[PDB]
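First, one chain by itself: the form deposited in one PDB entry, in structure tokens.
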């Protein structure tokens, strides 16, 4: 199994809402744009052999545009308990997060050209819940949507509330850009009627 640390990436409203009717209820191409630099930024040097992995629950699998997947230039994995089958041309399915890490280790690492850098959990609500309970999850890359938009799916942990202030801490913007690479919009950003912000949250293992 594991070695390295997991990163969770999410776009939620101040009330923890993350979905509605199996899609992510807003229109943000600058915020969708950010999910890509994050999810695929491997340091210039290692950039030769190293590729990032995004992990996802099947619904999200589904919820991702036909045109958009499999997410390019990242090993794509899907977590589905009842691994029925899986259409793909080199995309895995794993019974859990745990099985998924064992599948990547076994598969890569060894007699491979392909090495993994950073491992991401992109969702959904079900997979988010299991990564939050994983001893290896230490960081949350969160976009905050400052609107009380109607959702039917919620982030399972109020990580930003007082109840969790001795475990998750909001890091400095400078260390947010230092972790991604690229320069990232400081403050409040407004695109399509909404005000949002980029935060990086970290916990100690």
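Residue numbers count along the first chain shown, from 1. Superpose the two forms; the largest set of C-alphas matching within 1.5 Å is the rigid core.
_Stretch with the greater mean C-alpha B-factor as recorded in the entry, comparing 109-117 against 122-130_ = So the stretch with the higher mean C-alpha B-factor is 109-117.
Exercise. Which is higher in the entry, the mean Cα B factor of 131-139 or that of 86-94?
Worked result: In the deposited entry, the stretch with the higher C-alpha B-factor mean is 86-94.
Quiz for you: based on the deposited Cα B-factor, which of 35, 154, 48, 146 is highest?
Checking the PDB record, the top C-alpha B-factor among 35, 154, 48, 146 is at 48.
Within this chain's modelled residues, let me know which third the CA B factor of residue 5 belongs to: lowest, middle or highest.
-> Ranked within chain, residue 5 CA B lands in the middle tercile.
By the record's CA B-factor, is residue 164 among the lowest, middle or highest third of residues in the chain? CA B-factor rank for residue 164: lowest third.
inquiry  = Please say which third, lowest, middle or highest, residue 56 falls into when its CA temperature factor is compared across its chain.
reply    = Tercile = lowest for this residue's CA B-factor.
Third of chain Cα B-factors occupied by residue 196
It falls in the middle third of the chain.
- prompt: Comparing residue 158 with the other modelled residues of its chain, is its CA B-factor in the lowest, middle or highest third?
  reply: Tercile = lowest for this residue's CA B-factor.
Form deposited in another entry: not shown, discussed below.
Core fitted between the shown form and the other one: which of 33, 165, 178, 44 shows a C-alpha shift of 2 angstroms or more? The displaced C-alpha is that of 44.
After a core superposition, would you say residue 15 shifts its C-alpha by at least 2 Å between the shown form and the other one? Result for residue 15: no, shift under 2 Å.
Residue 133 and residue 24, C-alpha gap in that other deposited form relative to this structure (3 Å or more): Between the C-alphas of residue 133 and residue 24, the gap widens in that other deposited form (3 Å or more compared with this form).
Original post:
Between residue 44 and residue 114, do the C-alpha atoms lie closer or farther in that other deposited form than in the shown form, with a difference of 3 angstroms or more?
Top reply: Relative to this form, closer in that other deposited form.
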